[PDB]
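Visitor: Please see the structure below; I have some questions.
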Amino acid sequence: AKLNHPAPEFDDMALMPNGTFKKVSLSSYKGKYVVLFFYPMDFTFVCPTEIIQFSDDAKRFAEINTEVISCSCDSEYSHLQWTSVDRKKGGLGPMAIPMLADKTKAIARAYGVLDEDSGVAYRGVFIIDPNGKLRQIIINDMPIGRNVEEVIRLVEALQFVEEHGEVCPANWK
Amino acid sequence: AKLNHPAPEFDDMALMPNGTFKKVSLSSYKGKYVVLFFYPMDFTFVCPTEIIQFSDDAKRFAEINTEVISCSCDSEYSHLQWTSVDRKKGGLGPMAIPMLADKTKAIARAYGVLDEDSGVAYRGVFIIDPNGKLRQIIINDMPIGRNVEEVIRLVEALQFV
Amino acid sequence: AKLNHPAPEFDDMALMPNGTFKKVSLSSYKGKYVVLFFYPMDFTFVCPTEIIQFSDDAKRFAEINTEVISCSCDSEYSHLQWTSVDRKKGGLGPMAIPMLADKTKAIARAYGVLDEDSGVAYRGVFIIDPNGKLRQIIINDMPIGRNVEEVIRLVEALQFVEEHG
Amino acid sequence: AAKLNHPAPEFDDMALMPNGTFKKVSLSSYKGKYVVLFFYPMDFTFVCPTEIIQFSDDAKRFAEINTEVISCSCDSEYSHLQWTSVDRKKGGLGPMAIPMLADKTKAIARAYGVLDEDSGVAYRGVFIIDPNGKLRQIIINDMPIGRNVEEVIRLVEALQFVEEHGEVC
Amino acid sequence: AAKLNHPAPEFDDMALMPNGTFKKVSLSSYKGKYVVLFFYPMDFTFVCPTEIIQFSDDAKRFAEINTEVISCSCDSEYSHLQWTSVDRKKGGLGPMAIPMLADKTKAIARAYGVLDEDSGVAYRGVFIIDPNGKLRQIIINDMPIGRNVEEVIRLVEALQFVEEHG
Amino acid sequence: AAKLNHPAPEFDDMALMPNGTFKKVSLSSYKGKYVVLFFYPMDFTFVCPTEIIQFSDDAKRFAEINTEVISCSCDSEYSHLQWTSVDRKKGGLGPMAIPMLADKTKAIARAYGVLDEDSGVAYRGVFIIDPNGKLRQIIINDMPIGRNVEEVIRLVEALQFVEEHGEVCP
Amino acid sequence: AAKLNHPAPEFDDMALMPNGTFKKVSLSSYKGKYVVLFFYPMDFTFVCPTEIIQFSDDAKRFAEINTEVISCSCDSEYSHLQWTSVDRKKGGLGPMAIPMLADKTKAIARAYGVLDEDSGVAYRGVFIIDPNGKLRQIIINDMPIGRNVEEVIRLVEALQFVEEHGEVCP
Amino acid sequence: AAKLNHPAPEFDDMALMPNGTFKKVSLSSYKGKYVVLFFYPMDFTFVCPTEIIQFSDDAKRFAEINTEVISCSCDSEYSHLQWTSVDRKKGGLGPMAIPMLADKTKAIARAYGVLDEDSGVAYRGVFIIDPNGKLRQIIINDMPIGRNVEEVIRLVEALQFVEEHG
Amino acid sequence: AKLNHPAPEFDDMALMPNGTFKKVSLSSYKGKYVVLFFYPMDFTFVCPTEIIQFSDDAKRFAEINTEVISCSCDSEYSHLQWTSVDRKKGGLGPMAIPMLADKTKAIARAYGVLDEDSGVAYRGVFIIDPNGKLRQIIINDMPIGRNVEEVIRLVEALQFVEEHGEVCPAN
Amino acid sequence: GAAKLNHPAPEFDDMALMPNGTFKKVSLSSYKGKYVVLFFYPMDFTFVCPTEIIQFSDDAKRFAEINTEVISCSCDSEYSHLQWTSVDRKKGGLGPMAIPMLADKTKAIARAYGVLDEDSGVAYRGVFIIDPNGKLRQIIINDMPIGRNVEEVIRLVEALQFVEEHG
Ligand SMILES: [Cl-]
Ligand SMILES: [Cl-]
Ligand SMILES: [Cl-]
Ligand SMILES: [Cl-]
Ligand SMILES: [Cl-]
Ligand SMILES: [Cl-]
Ligand SMILES: [Cl-]
Ligand SMILES: [Cl-]
Ligand SMILES: [Cl-]
Ligand SMILES: [Cl-]
């Protein structure tokens, strides 16, 4: 998993937005920016605010040619049980984001986000560009939530450089 | 995982009967017969049953110096979400059996029950004696339920000797 | 010896039902369900029963497209001699089941049923489906008999999922 | 390389102190405080500063929260100095409140897996080491994408929060 | 398989004693007497119990000359018994005066290089170990060729002659 | 090693023919007849002819039953000759009806696992190869224990018996 | 690694051209002229670029004799520039007539075996490559010992002398 | 390898002393003074003594500055002598004030990486070892390019300067 | 088998001068010069003249502190048998030299005189000095006889270099 | 080094100081057709032992008469050989030789014939006889202080030829 090197190919089951079970692959997205992010387990004893925040800003992301997708070492079936429970009662409720499920752990390992000791992933976030290359690495510890707006900043930031020929200094725009 | 050889030691999180999260080890049971059995996934579409049958006959088992315990590659959490949901609505409802969760897959592998290709365990059932030795191996395919009464027969049968 | 993976091919001498000595192979059964089961030694001091039960329910099994066959690390000749003694006097008497004899131990090892230390097999039972794939593993300790009815349950159970689902 | 929740890779090498001295700094020196190690490619880069500076400035604000920060690049201690002498106003860097590591050896960049073996310089990497000396945050930005110092802070504060809550007896 | 004038391969396994007991016999047990170890393929044979018996009979004659004899095959101690129960008259074996080794393990056959890895049984092998525990005679007959027990004796006497005078 | 029912180890080396020539003999030459290969330690031993001779004599009797015999030792073809020149009466060997192999190389002794690496000579080994070139009998006597030629015959006849009908076991 | 009379190690990396451009220079570019490659530790030193400069100055004199010269150090192309902007009068370097290689990779220093793995910088090395691209002179001074540019010339001239005729002395 | 600022490769071999003796010289013997070791291809080469000689002459001048010099080639101690006997005037070498190493073994040439494995002779190498026995200067001239002894001196003086002061 | 290095130790059966069978070792000779020489086979068709020449000059050798001994890959018994035949009838007759017999071939190999292909040794001749070191190697092809006088010359020559410090050049 | 008997002798190809005064690279294959006598000596201006070297040079004629060519070899330079050939035999020199003098500065040859004393770096008094077919047929290695007997070398060559001619 190096930068400016084709991101690790992932191909596995995912709980589509609606309710289908489709096998998703990173090559599917060849053409758009992709935001892959990981989370430890599913039926978390806290506020799925993090996972959700992405699902919500999903629209806002799509607006900027970027698709996002989650991932964890839980079963496609486990995802749904969680998507069935109402967001109001500690559930997750319908997501606008596909939810990867690598029961194999092959993906977590590929991105070096897996904690071999526990068997779950860290709060990782990667941004793959339209050409299929990895261009951003971020790995938060297990209790530290992420800032979705930042992810966006970064994406926009990346696109800026693709559009024009200059770079982006500290705290951009 | 050989017969008449100390069963593979397992030590991992388990959803106790009540609702606690306790790390259970096979050595904890040193003194009683143990019945370890595996199942693929948790919120299995259409398939619950089997797991329950064990939880119920749990009493009947305890009666004969044997404790039973489940196991699957699902999280202590994703599964709980399954002890509270009502048995009536495809749920599982309170279990009298501790439910092992090896997110690590270390246990499934140890008993050679893991399907490396899918990442889940087959319907395996093992019987460890009071001295901590493995004395019975049974591995059913993914769609073939087990007969709990038989497991008992076997345990009683073992004790007879 | 993994599940849903083509069962280990066995090809060795077997004491046919009648009295002939024929070399049997697992591929011969390609088309029917097969029940392979092992037992330690031949004459022993109380180990009839189990072996027989299979031979008897043999008919009942055949009724459900399944053939059964035994196996142990004893010679084809030792099998015969045991089949000659009358069931009534601790013997075995005519079997409706072919009796494999792997003097080589190649089979016991293939199914991971051999106790390398003693040189004999554990009470193992496997069910191969018509496509030649292993679909059930059962290994009982040396002193624990098996329940043939259960084996059937399992076979029927397997077939059920074949038709439906 | 470096894993999370595992003692961060020890670094021990020359650094251009805030004032103007040349002192060999080590990660163990900071055992007790949170540390923010961040990398940048080269030194007299037309627009690599800005980012570098922001840290130097928020240095005070960081110190306020028990965290010390330090830069690093594959340039010479002397090259750092020279860059520090030029006035911030004329594309320079001007006095920093941050020590500036210089691993001419590239040993550090490699240790944190931030080195681009092909070019020989480091990517915009940022790591947060806790007071116990363990790595707890990884961030690697591409060569043209600046970082958001405020976020680093958020993260540090965030980490500390979790420390305070849930504990001893 | 084994070398001459070199301590014979140690064997330690179950054997169907003369009477009817099941005792674990070892080659070291015989340290002091000459030993005749001989192998045979399978147990409930066809026409070859002859050979096995001849030894059992000349067992007395052998003992007379400080030599003990013992058989061996890859069949179970229980299979040996069952064969010893059938009356010699009806193709059986009947009571033997010789212990009958049973290496279900095949460890012995291999040690003497008498095992046919392909079939899993031993060839008609015969070895003579001296009182000091050293191998001093090797003989391996094909599967269908019987042995001449008198010869084995000749050999033993022959060996003793040499140790005697010199 | 080489084993039973497996093509016997091919040997190809100098031998002191019956008459007095020096010919290189090979086991394949005999493809068609039974062969009896037997070894002996050294040549001018103070008591090793007895045995060697017996074979030479029963050579005729053997030939009668489609079997050829041949000796072998780690001595030189020339050493064999010498020994053959001395009259049997004076501890010699006298003309043999059997070819006498000489593997100065020791390649043969090793091939049949009859060589005592420590001393460099062979043990009293005797092997019977069938007409198809397969080894069917192994016998290795210690250095001081003579062999019984009649037995070798018994065994050959015995083998042939089974090649015609079912099987023997006297 | 680098041997004499063997094609010099190929170098291909960024260099701060005389004027002010950033061009990737390669040793093959010079195929045809004699080249003088010389190393120096670091860029902004408390020393006097005298050594580095002397080359830049005699650059003309060198060119006069079909030889091009080029520096190299493990500092960034940007660092070179910065050092080139400072006026020679104030401890700077000032415009150079020589391209200044920058191997941030250290690949070059290693190739010529001038790198001090421990510190990460190069020793005062000087090599002379001939028009055919072969290495013909090795010189490695310690870190504090300056070089004598005139000598480098002597050597070049000396080498050329042999090219036309057939042998030289001191 | 022979690296800078690392103890120079120890050399210990026969050398034709100034006078005419054959003594085995070692680099440790010089521990205390600066040493100038220099190599040359072969011995009786029609042209290119000159170089070797220049050193012998400036030997005095060198000694004046705490430095001893010594030559080396893959030729025999005897071959050196024979060359020293011929009068400098007739293409000879004549008495040298410098010990002349002879590594018939080639061990030395290799140690300093001056050997041309293909031909079997050394290149015009010159190394300066400091009083602590460390290598501080490397110079390797091609086979046809003479060296400038004055420079070697410059370098030595130069080295000493940095030592004194600093 | 290098020069000026302790000769390869040999320890094996040898047909003593008289008629005994004694196991001889090179260390036994520690103190005298030893001449070890090999020959292919025993009862060859060609005249043993070479082997014999040594046995005869044995006396002359002994006179100069040197003992000589033969060796071949033939059995001690075979040597015996060859020694009984009268020299006159192509035999060898009593030897004044011990005759080594390495049925093992270990010696021949040790001195690099064995022709692995045939199994016999080449006409090799080695001279070991009193300190047990090898000081002369000579290996003649199978059909080329040796010149015993030369072996002597060499021994004397070696000894000369011992008494005096000077060297014994061409002759 | 491997130099077995009845096996093609180790090929040598290296500078040699020809009889006259030229420097020519000689090879063992050049002699394919004649018998060759290769012999080694330690060093060149050796305090003594040229006598040995010379004897060969002289009997060179006598050797040639019997289809055999001889050639020396040592680890000294071609130039060193020359310089030794210039000094008059009368004053401890060598004087014009009728034999080519190999010079293996590389030591490749000494090693090939297993005549090199790795410790000192020079060769032992070795002498080998190669037959016209290029096979080695005689090995002789004398210690450093023991001179050789050229007549014997001849005896051997003649001896070899005899066996060739006959059978
Ligand atoms: Cl990277
Ligand atoms: Cl098992
Ligand atoms: Cl499995
Ligand atoms: Cl990690
Ligand atoms: Cl043996
Ligand atoms: Cl066998
Ligand atoms: Cl070089
Ligand atoms: Cl260096
Ligand atoms: Cl040598
Ligand atoms: Cl040889």
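Following the order of the structure tokens, chains are lettered A, B, ..., residues in each are numbered from 1, and ligands are numbered from 1.
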Taking only C-alpha atoms and all ligand atoms into account, list the residues no farther than 7 Å from ligand 1, as a PyMOL selection string.
Guide: (chain A and resi 2-3) or (chain D and resi 113-116)
Visitor: List the spatial neighbours of residue 74 (chain A) as an mmCIF file with N, CA and C atoms, in the first residue's frame - criterion: any atom at most 10 Å away, only C-alpha atoms, same-chain residues fewer than 3 positions off excluded.
Guide:
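selection-v4.cif written:
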```
data_model
loop_
_atom_site.group_PDB
_atom_site.id
_atom_site.type_symbol
_atom_site.label_atom_id
_atom_site.label_comp_id
_atom_site.auth_asym_id
_atom_site.auth_seq_id
_atom_site.Cartn_x
_atom_site.Cartn_y
_atom_site.Cartn_z
ATOM 1 N N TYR A 39 -13.772 0.574 9.838
ATOM 2 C CA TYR A 39 -14.254 0.684 11.200
ATOM 3 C C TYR A 39 -14.142 -0.715 11.766
ATOM 4 N N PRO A 40 -13.831 -0.818 13.056
ATOM 5 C CA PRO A 40 -13.655 -2.067 13.806
ATOM 6 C C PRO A 40 -14.751 -3.116 13.686
ATOM 7 N N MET A 41 -15.802 -2.936 14.477
ATOM 8 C CA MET A 41 -16.920 -3.862 14.490
ATOM 9 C C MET A 41 -18.238 -3.191 14.126
ATOM 10 N N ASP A 42 -19.294 -3.986 14.050
ATOM 11 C CA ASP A 42 -20.580 -3.469 13.631
ATOM 12 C C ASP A 42 -21.518 -2.958 14.711
ATOM 13 N N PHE A 43 -21.993 -3.854 15.558
ATOM 14 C CA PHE A 43 -22.910 -3.429 16.599
ATOM 15 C C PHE A 43 -22.137 -2.791 17.728
ATOM 16 N N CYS A 71 -16.105 -0.427 5.100
ATOM 17 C CA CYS A 71 -15.547 -1.757 5.178
ATOM 18 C C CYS A 71 -15.224 -2.125 6.616
ATOM 19 N N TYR A 77 -24.347 -10.051 6.175
ATOM 20 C CA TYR A 77 -25.604 -10.244 6.893
ATOM 21 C C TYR A 77 -25.620 -9.394 8.158
ATOM 22 N N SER A 78 -24.469 -9.297 8.806
ATOM 23 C CA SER A 78 -24.377 -8.516 10.023
ATOM 24 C C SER A 78 -24.566 -7.049 9.699
ATOM 25 N N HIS A 79 -24.061 -6.636 8.543
ATOM 26 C CA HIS A 79 -24.231 -5.246 8.157
ATOM 27 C C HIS A 79 -25.710 -4.917 8.212
ATOM 28 N N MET A 99 -21.561 -1.131 1.759
ATOM 29 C CA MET A 99 -20.777 -1.519 2.923
ATOM 30 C C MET A 99 -20.029 -2.832 2.742
ATOM 31 N N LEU A 100 -18.737 -2.723 2.442
ATOM 32 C CA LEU A 100 -17.882 -3.882 2.239
ATOM 33 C C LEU A 100 -17.804 -4.758 3.469
ATOM 34 N N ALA A 101 -17.662 -6.054 3.231
ATOM 35 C CA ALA A 101 -17.558 -7.024 4.307
ATOM 36 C C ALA A 101 -16.493 -8.046 3.930
ATOM 37 N N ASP A 102 -15.296 -7.914 4.493
ATOM 38 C CA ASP A 102 -14.262 -8.882 4.173
ATOM 39 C C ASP A 102 -14.072 -9.836 5.345
ATOM 40 N N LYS A 103 -14.874 -10.894 5.322
ATOM 41 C CA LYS A 103 -14.843 -11.939 6.337
ATOM 42 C C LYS A 103 -13.463 -12.589 6.270
ATOM 43 N N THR A 104 -12.828 -12.412 5.118
ATOM 44 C CA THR A 104 -11.507 -12.946 4.805
ATOM 45 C C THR A 104 -10.353 -12.143 5.441
ATOM 46 N N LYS A 105 -10.607 -10.858 5.692
ATOM 47 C CA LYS A 105 -9.636 -9.922 6.266
ATOM 48 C C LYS A 105 -8.597 -9.537 5.236
ATOM 49 N N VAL A 120 -9.648 -6.989 14.022
ATOM 50 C CA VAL A 120 -10.492 -5.946 13.470
ATOM 51 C C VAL A 120 -9.638 -4.831 12.897
ATOM 52 N N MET B 41 -22.151 -18.155 10.503
ATOM 53 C CA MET B 41 -22.397 -16.763 10.828
ATOM 54 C C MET B 41 -23.521 -16.577 11.847
ATOM 55 N N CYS B 73 -17.049 -16.978 14.057
ATOM 56 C CA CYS B 73 -16.125 -15.892 13.794
ATOM 57 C C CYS B 73 -16.767 -14.512 13.830
ATOM 58 N N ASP B 74 -17.826 -14.365 14.623
ATOM 59 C CA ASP B 74 -18.521 -13.085 14.737
ATOM 60 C C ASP B 74 -18.166 -12.400 16.044
ATOM 61 N N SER B 75 -18.300 -11.078 16.057
ATOM 62 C CA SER B 75 -17.969 -10.274 17.226
ATOM 63 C C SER B 75 -18.901 -10.435 18.409
ATOM 64 N N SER B 78 -21.842 -8.149 17.726
ATOM 65 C CA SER B 78 -22.800 -8.504 16.694
ATOM 66 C C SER B 78 -23.606 -9.670 17.099
ATOM 67 N N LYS B 103 -12.749 -13.424 16.623
ATOM 68 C CA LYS B 103 -12.616 -12.487 15.511
ATOM 69 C C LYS B 103 -11.282 -12.790 14.819
#
```
Visitor: Have a look at CA of residue 129 (chain C) and CA of residue 47 (chain C) and let me know their distance in Å, one decimal.
Guide: 27.4 Å
Visitor: Write out as an mmCIF file with C-alpha atoms, in the first residue's frame which residues come within 7 Å of residue 8 (chain E) when counting only C-alpha atoms, dropping same-chain ones fewer than 5 positions away.
Guide:
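Saved file out_37.cif follows:
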```cif
data_model
loop_
_atom_site.group_PDB
_atom_site.id
_atom_site.type_symbol
_atom_site.label_atom_id
_atom_site.label_comp_id
_atom_site.auth_asym_id
_atom_site.auth_seq_id
_atom_site.Cartn_x
_atom_site.Cartn_y
_atom_site.Cartn_z
ATOM 1 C CA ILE E 129 21.232 -63.052 16.321
ATOM 2 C CA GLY E 133 23.001 -59.376 20.384
ATOM 3 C CA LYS E 134 24.742 -59.129 17.030
ATOM 4 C CA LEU E 135 23.229 -60.106 13.677
#
```
Visitor: Figure out the distance between CA of residue 86 (chain F) and CA of residue 53 (chain F), please, to one decimal in Å.
Guide: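 Straight-line distance from CA of residue 53 (chain F) to CA of residue 86 (chain F) works out to 13.3 Å.
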Visitor: Which residue is closest to residue 73 (chain I)? Choose from I:114, I:168, I:120, I:34 and count only C-alpha atoms.
Guide: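 Of all the options, I:120 lies closest to residue 73 (chain I).
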Visitor: Apply DSSP to the backbone of this structure and, from region 56-110 of chain H, keep only the residues in strand (DSSP E); write these as a PyMOL selection string.
Guide: chain H and resi 67-73+100-102
Visitor: Create the file for the chosen residues now, containing N, CA, C and O atoms and written as a short mmCIF file (atom, residue, chain, number, x, y, z; two decimals), in the first residue's frame.
Guide:
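Dumped to again-v3.cif:
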```cif
data_model
loop_
_atom_site.label_atom_id
_atom_site.label_comp_id
_atom_site.auth_asym_id
_atom_site.auth_seq_id
_atom_site.Cartn_x
_atom_site.Cartn_y
_atom_site.Cartn_z
N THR H 67 57.44 11.45 7.92
CA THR H 67 56.80 10.43 7.10
C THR H 67 57.80 9.48 6.45
O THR H 67 58.83 9.91 5.94
N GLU H 68 57.48 8.20 6.49
CA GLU H 68 58.33 7.19 5.89
C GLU H 68 57.61 6.70 4.62
O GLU H 68 56.38 6.67 4.56
N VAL H 69 58.36 6.34 3.58
CA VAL H 69 57.69 5.86 2.38
C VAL H 69 58.18 4.48 2.07
O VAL H 69 59.29 4.11 2.47
N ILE H 70 57.36 3.71 1.36
CA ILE H 70 57.71 2.35 0.99
C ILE H 70 56.95 1.93 -0.27
O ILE H 70 55.76 2.22 -0.41
N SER H 71 57.65 1.28 -1.18
CA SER H 71 57.10 0.81 -2.44
C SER H 71 56.53 -0.60 -2.32
O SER H 71 56.66 -1.25 -1.28
N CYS H 72 55.95 -1.07 -3.41
CA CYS H 72 55.36 -2.39 -3.43
C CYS H 72 54.98 -2.77 -4.85
O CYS H 72 54.56 -1.92 -5.64
N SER H 73 55.16 -4.05 -5.17
CA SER H 73 54.86 -4.59 -6.48
C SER H 73 54.75 -6.09 -6.31
O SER H 73 55.18 -6.63 -5.30
N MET H 100 61.57 -1.88 -0.29
CA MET H 100 60.72 -2.25 -1.40
C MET H 100 59.94 -3.53 -1.13
O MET H 100 60.49 -4.63 -1.18
N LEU H 101 58.65 -3.39 -0.84
CA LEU H 101 57.82 -4.55 -0.56
C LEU H 101 57.70 -5.45 -1.75
O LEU H 101 57.77 -5.00 -2.90
N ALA H 102 57.51 -6.73 -1.48
CA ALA H 102 57.35 -7.71 -2.55
C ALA H 102 56.24 -8.69 -2.19
O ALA H 102 56.48 -9.61 -1.41
#
```
Visitor: Please, which residues in chain J fall within 8 Å of ligand 10 when counting only C-alpha atoms and all ligand atoms, and what is the closest atom pair and distance in Å to one decimal for each, ordered by chain then residue number, as JSON lines?
Guide:
```
{"residue": "J:3", "atom": "CA", "partner": "ligand 10", "partner_atom_place_in_ligand_line": "1 (Cl)", "distance": 7.3}
{"residue": "J:4", "atom": "CA", "partner": "ligand 10", "partner_atom_place_in_ligand_line": "1 (Cl)", "distance": 4.4}
{"residue": "J:5", "atom": "CA", "partner": "ligand 10", "partner_atom_place_in_ligand_line": "1 (Cl)", "distance": 4.7}
{"residue": "J:6", "atom": "CA", "partner": "ligand 10", "partner_atom_place_in_ligand_line": "1 (Cl)", "distance": 7.9}
```
Visitor: Can I get the residues of chain B within 7 Å of ligand 3, each with the closest pair of atoms and their distance in Å to one decimal, using only C-alpha atoms and all ligand atoms, sorted chain first then ascending number, as CSV?
Guide:
```
residue,atom,partner,partner_atom_place_in_ligand_line,distance
B:112,CA,ligand 3,1 (Cl),5.9
B:113,CA,ligand 3,1 (Cl),5.2
B:114,CA,ligand 3,1 (Cl),6.3
B:115,CA,ligand 3,1 (Cl),6.3
```
Visitor: Print the selection's residues with N, CA, C and O atoms to a file, as a short mmCIF file (atom, residue, chain, number, x, y, z; two decimals), in the first residue's frame.
Guide:
```
data_model
loop_
_atom_site.label_atom_id
_atom_site.label_comp_id
_atom_site.auth_asym_id
_atom_site.auth_seq_id
_atom_site.Cartn_x
_atom_site.Cartn_y
_atom_site.Cartn_z
N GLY B 112 -9.54 -27.12 13.05
CA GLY B 112 -9.65 -27.48 11.65
C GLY B 112 -11.07 -27.50 11.16
O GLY B 112 -11.51 -28.40 10.45
N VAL B 113 -11.79 -26.45 11.53
CA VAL B 113 -13.19 -26.30 11.17
C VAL B 113 -13.38 -25.11 10.24
O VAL B 113 -14.45 -24.93 9.65
N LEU B 114 -12.34 -24.31 10.10
CA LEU B 114 -12.40 -23.12 9.26
C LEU B 114 -12.34 -23.39 7.76
O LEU B 114 -11.58 -24.24 7.30
N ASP B 115 -13.17 -22.68 7.00
CA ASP B 115 -13.16 -22.79 5.56
C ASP B 115 -12.39 -21.56 5.14
O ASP B 115 -12.98 -20.50 4.95
#
```
Visitor: Would you kindly return, as a ChimeraX atom specification, each protein, DNA or RNA residue with an atom no farther than 10 Å from any atom of residue 57 (chain I), considering only C-alpha atoms and excluding same-chain residues fewer than 2 positions away?
Guide: /I:52-55,59-63,68,96-97,148-149,152
Visitor: When you look at residue 1 (chain A) with a cut-off of 9 Å (counting only C-alpha atoms), what residues show up, excluding the ones that are within fewer than 4 positions of it in the same chain? I need them as number ranges by chain.
Guide: A: 5-8, 110-112, 134
Visitor: May I ask you to write as a ChimeraX atom specification all residues lying at most 8 Å from ligand 6, with only C-alpha atoms and all ligand atoms counted?
Guide: /E:113-116,123,140 /F:2-4
Visitor: Write out, as a CSV table (one decimal), in the first residue's frame, the residues just selected, with C-alpha atoms.
Guide:
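Wrote part36.csv, looks like this:
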```csv
chain,number,residue,atom,x,y,z
E,113,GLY,CA,14.6,-54.5,5.4
E,114,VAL,CA,12.1,-57.3,4.8
E,115,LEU,CA,9.1,-55.1,4.2
E,116,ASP,CA,7.6,-54.7,0.7
E,123,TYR,CA,9.0,-61.3,2.8
E,140,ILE,CA,15.4,-63.5,2.5
F,2,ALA,CA,18.4,-52.9,-4.8
F,3,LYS,CA,15.6,-55.2,-3.8
F,4,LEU,CA,13.5,-58.5,-4.6
```
Visitor: Using only C-alpha atoms and all ligand atoms, determine which residues fall within 12 Å of ligand 7, then list them as a PyMOL selection string.
Guide: (chain G and resi 1-8+112-113+134-139) or (chain H and resi 1+109-125+138-143)
Visitor: Which residues, written as a PyMOL selection string, have at least one atom at most 10 Å from residue 21 (chain B), with only C-alpha atoms counted and residues fewer than 3 positions away on the same chain left out?
Guide: chain B and resi 13-18+24+76-77+80+98-100
Visitor: Could you write out the selected residues, including N, CA and C atoms, as a compact mmCIF listing (two decimals), in the first residue's frame?
Guide:
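For reference, again35.txt as written:
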```txt
# COMPACT_ATOMS: atom_id res chain seq x y z
N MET B 13 -12.93 -13.89 24.00
CA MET B 13 -14.17 -13.29 24.46
C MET B 13 -15.40 -14.14 24.18
N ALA B 14 -16.31 -14.10 25.14
CA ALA B 14 -17.55 -14.84 25.05
C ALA B 14 -18.69 -14.08 25.72
N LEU B 15 -19.86 -14.14 25.08
CA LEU B 15 -21.05 -13.48 25.62
C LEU B 15 -21.69 -14.42 26.61
N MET B 16 -21.37 -14.20 27.87
CA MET B 16 -21.91 -14.99 28.95
C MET B 16 -23.43 -15.14 28.86
N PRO B 17 -24.00 -16.09 29.63
CA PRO B 17 -25.45 -16.32 29.62
C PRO B 17 -26.23 -15.03 29.89
N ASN B 18 -25.94 -14.41 31.03
CA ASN B 18 -26.61 -13.18 31.44
C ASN B 18 -26.50 -12.04 30.40
N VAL B 24 -13.27 -16.35 28.11
CA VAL B 24 -13.33 -17.75 28.52
C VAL B 24 -12.18 -18.60 27.98
N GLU B 76 -18.29 -10.39 19.58
CA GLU B 76 -18.97 -10.49 20.86
C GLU B 76 -20.21 -9.59 20.80
N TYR B 77 -20.07 -8.47 20.08
CA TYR B 77 -21.14 -7.48 19.96
C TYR B 77 -22.23 -7.87 18.96
N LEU B 80 -24.25 -10.53 20.57
CA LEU B 80 -25.22 -10.02 21.61
C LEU B 80 -26.48 -9.53 20.96
N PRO B 98 -22.43 -19.93 27.00
CA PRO B 98 -21.53 -18.81 26.72
C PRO B 98 -21.32 -18.86 25.22
N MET B 99 -21.17 -17.72 24.56
CA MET B 99 -20.96 -17.73 23.12
C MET B 99 -19.62 -17.14 22.69
N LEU B 100 -18.68 -18.03 22.39
CA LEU B 100 -17.35 -17.63 21.97
C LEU B 100 -17.38 -16.83 20.69
```
Visitor: Please write out the residues within 7 Å of ligand 9 as a PyMOL selection string, counting only C-alpha atoms and all ligand atoms.
Guide: (chain I and resi 2-3) or (chain J and resi 114-117)
Visitor: When distances are computed from only C-alpha atoms and all ligand atoms, which of A:154, A:161, A:108, A:113 shows the smallest separation from ligand 4?
Guide: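 Distance minimum relative to ligand 4 lands on A:113.
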Visitor: Please find the residues contacting ligand 2 at a distance of at most 7 Å between atoms, with only C-alpha atoms and all ligand atoms counted, and report them as a PyMOL selection string.
Guide: (chain B and resi 2-3) or (chain C and resi 112-115)
Visitor: All residues within 9 Å of ligand 8 are required, counting only C-alpha atoms and all ligand atoms; please report them as a PyMOL selection string.
Guide: (chain G and resi 113-117+122-123+140+142) or (chain H and resi 1-6+138)
